[PDB]
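> One structure follows; several queries about it will come next.
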Amino acid sequence: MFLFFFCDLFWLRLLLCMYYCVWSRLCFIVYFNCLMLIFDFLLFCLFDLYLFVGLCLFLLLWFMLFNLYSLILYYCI
Amino acid sequence: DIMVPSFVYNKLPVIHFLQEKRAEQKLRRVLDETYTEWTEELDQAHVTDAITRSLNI
Ligand SMILES: CCCCCCCCCCCCCCCCCC(=O)OC[C@H](COP(=O)([O-])OCC(O)COP(=O)([O-])OC[C@@H](COC(=O)CCCCCCCCCCCCCCCCC)OC(=O)CCCCCCCCCCCCCCCCC)OC(=O)CCCCCCCCCCCCCCCCC
Ligand SMILES: CCCCCCCCCCCCCCCCCC(=O)OC[C@H](COP(=O)([O-])OCC[N+](C)(C)C)OC(=O)CCCCCCCCCCCCCCCCC
């Protein structure tokens with residue numbers, strides 16, 4: 001069984017293309033703690049502790065496009 | 001298209017400030033190494049004295 005369907009983000013994808021064809025600064029992040037793991041100076045880690053930043057940001061963007069906009073009536077998660 | 005550009009844009013100001021400070025530091029170091037060297041040359045009085053001695057005076 002193979003079902004072909006689409007997500008409910010096409011208009012939001014269009015808006016992302018329209019409003020992010022040019023660069024813009026980001027200063028407010030839902031989960032800022034992924035960028036600042038170490039608080040005491042002179043401490044360093046040999047492990048790739050900053051690998052989760054990109055996934056974190058993308059997950060936040062995806063889940064925010066879905067959940068926050070779901071408050072609008074008839075919007076589908 | 002979205003994330004890396006935004007973080008680069010966020011980086012720009014601090015890097016610009018630090019590089020300006022670095023250039024100022026280079027100029028300051030260039031200035032600080034300048035010293036005027038005052039040379040010393042043989043006093044002509046000794047030359048005059050040797051001339052007198054050569055005369056057998
Ligand atoms: C038999 C009937 C037919 C069907 C056959 C099917 C065969 C199936 C085989 C078995 C498969 C088993 C497994 C199936 C699993 C499915 C799972 C699933 O659905 O998950 C949901 C999941 C939903 O994901 P999503 O979050 O909604 O995002 C996906 C979207 O595509 C949006 O994602 P995106 O935006 O990130 O994607 C990138 C997007 C980036 O954005 C864009 O590029 C914008 C455009 C987006 C297009 C795609 C969206 C489509 C919207 C709906 C349809 C649009 C209108 C179509 C009109 C049809 C009219 C009949 O760029 C593209 O999409 C690149 C393509 C652009 C094409 C442009 C073409 C221009 C032509 C110009 C011609 C000019 C000629 C001039 C001549 C002049 C002469 C004088 O689907 C997927 O992830 C993809 C599933 C695909 C699986 C592979 C299927 C096999 C390939 C079939 C191809 C059939 C082609 C022939 C059809 C002919 C007409 C009938
Ligand atoms: C960061 C916080 C953000 C807070 C945002 C606050 C917004 C305040 C909105 C005030 C009321 C607005 C009323 C609009 C009415 C529209 C027409 C209508 O009939 O609506 C009825 C609908 C439903 O009203 P209803 O339930 O009475 O409908 C009755 C209809 N029948 C009888 C058929 C069932 O209105 C809404 O759903 C409004 C809910 C808004 C909730 C806030 C959503 C915020 C998240 C989305 C933000 C999107 C921003 C995108 C920007 C670009 C991004 C790149």
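Order determines the names: the first chain of the structure tokens is A, the second B, and so forth; residues in each chain are numbered 1 upward, and ligands are numbered 1 upward as they are shown.
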What do you get as a ChimeraX atom specification if you pick all residues at most 10 Å from ligand 2, counting only C-alpha atoms and all ligand atoms?
/A:11-20,64-75
> Can you list, as a short mmCIF file (atom, residue, chain, number, x, y, z; two decimals) with C-alpha atoms, in the first residue's frame, every protein, DNA or RNA residue that comes within 9 Å of residue A:25 when you count only C-alpha atoms, leaving out same-chain residues fewer than 4 positions away?

```
data_model
loop_
_atom_site.label_atom_id
_atom_site.label_comp_id
_atom_site.auth_asym_id
_atom_site.auth_seq_id
_atom_site.Cartn_x
_atom_site.Cartn_y
_atom_site.Cartn_z
CA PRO B 5 23.47 32.73 6.16
CA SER B 6 21.79 34.01 9.32
CA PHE B 7 24.62 32.83 11.55
CA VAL B 8 27.24 34.32 9.22
CA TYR B 9 25.34 37.61 9.34
CA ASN B 10 25.36 37.37 13.13
#
```
> Restricting the calculation to only C-alpha atoms, which member of A:45, A:29, A:38, A:57 is positioned closest to residue B:2?
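With only C-alpha atoms as the atom set, the closest residue is A:57.
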> Restricting the calculation to only C-alpha atoms and all ligand atoms: of A:10, A:63, A:58, A:4, which residue gets closest to ligand 1?
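Smallest separation from ligand 1 among the options: A:4.
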> At a cut-off of 8 Å and counting only C-alpha atoms and all ligand atoms, what residues surround ligand 1? Please answer as a VMD selection string.
chain A and resid 2 to 10 13
> Would you mind exporting the chosen residues as a JSON list (two decimals), in the first residue's frame, restricted to C-alpha atoms?

```json
[["chain", "number", "residue", "atom", "x", "y", "z"],
["A", 2, "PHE", "CA", 1.43, 3.33, -1.17],
["A", 3, "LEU", "CA", -0.42, 6.54, -0.28],
["A", 4, "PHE", "CA", 0.55, 9.79, -1.99],
["A", 5, "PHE", "CA", -0.18, 12.90, 0.07],
["A", 6, "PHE", "CA", 1.30, 16.32, 0.78],
["A", 7, "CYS", "CA", 2.21, 18.31, 3.85],
["A", 8, "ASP", "CA", 0.32, 21.49, 4.75],
["A", 9, "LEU", "CA", 3.38, 23.76, 4.47],
["A", 10, "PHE", "CA", 3.28, 24.74, 0.79],
["A", 13, "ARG", "CA", 7.39, 27.17, 1.96]]
```
> DSSP on the backbone: what in stretch 7-61 of chain A comes out alpha helix (DSSP H), as a list in words?
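DSSP-assigned alpha helix (DSSP H) residues in stretch 7-61 of chain A: residues 10, 11, 12, 13, 14, 15, 16, 17, 18, 19, 52, 53, 54, 55, 56, 57, 58, 59, 60 and 61 of chain A.
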> Export, as a tab-separated table (two decimals), in the first residue's frame, the selected residues with C-alpha atoms.

```
chain	number	residue	atom	x	y	z
A	10	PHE	CA	3.28	24.74	0.79
A	11	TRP	CA	2.19	28.31	1.49
A	12	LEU	CA	4.73	28.53	4.30
A	13	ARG	CA	7.39	27.17	1.96
A	14	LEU	CA	6.43	29.90	-0.50
A	15	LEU	CA	6.74	32.53	2.23
A	16	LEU	CA	10.13	31.15	3.26
A	17	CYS	CA	11.33	31.39	-0.34
A	18	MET	CA	9.96	34.93	-0.67
A	19	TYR	CA	11.26	36.35	2.62
A	52	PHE	CA	23.32	18.92	17.47
A	53	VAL	CA	22.92	22.62	16.64
A	54	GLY	CA	21.82	22.20	13.03
A	55	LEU	CA	19.36	19.42	13.79
A	56	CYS	CA	18.01	21.40	16.73
A	57	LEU	CA	17.40	24.50	14.62
A	58	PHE	CA	15.78	22.53	11.80
A	59	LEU	CA	13.53	20.59	14.19
A	60	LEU	CA	12.48	23.82	15.88
A	61	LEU	CA	11.66	25.38	12.52
```
> Can you work out which residues from chain A touch chain B at a cut-off of 6 Å (counting only C-alpha atoms) and hand them back as a PyMOL selection string?
chain A and resi 23-26
> One decimal, in Å: what's the spacing between atom CA of residue A:28 and atom CA of residue A:47?
26.5 Å
> Please measure the separation of atom CA of residue B:17 and atom CA of residue B:30, giving the value in Å to one decimal.
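Answer for the atom CA of residue B:17 to atom CA of residue B:30 separation: 20.1 Å.
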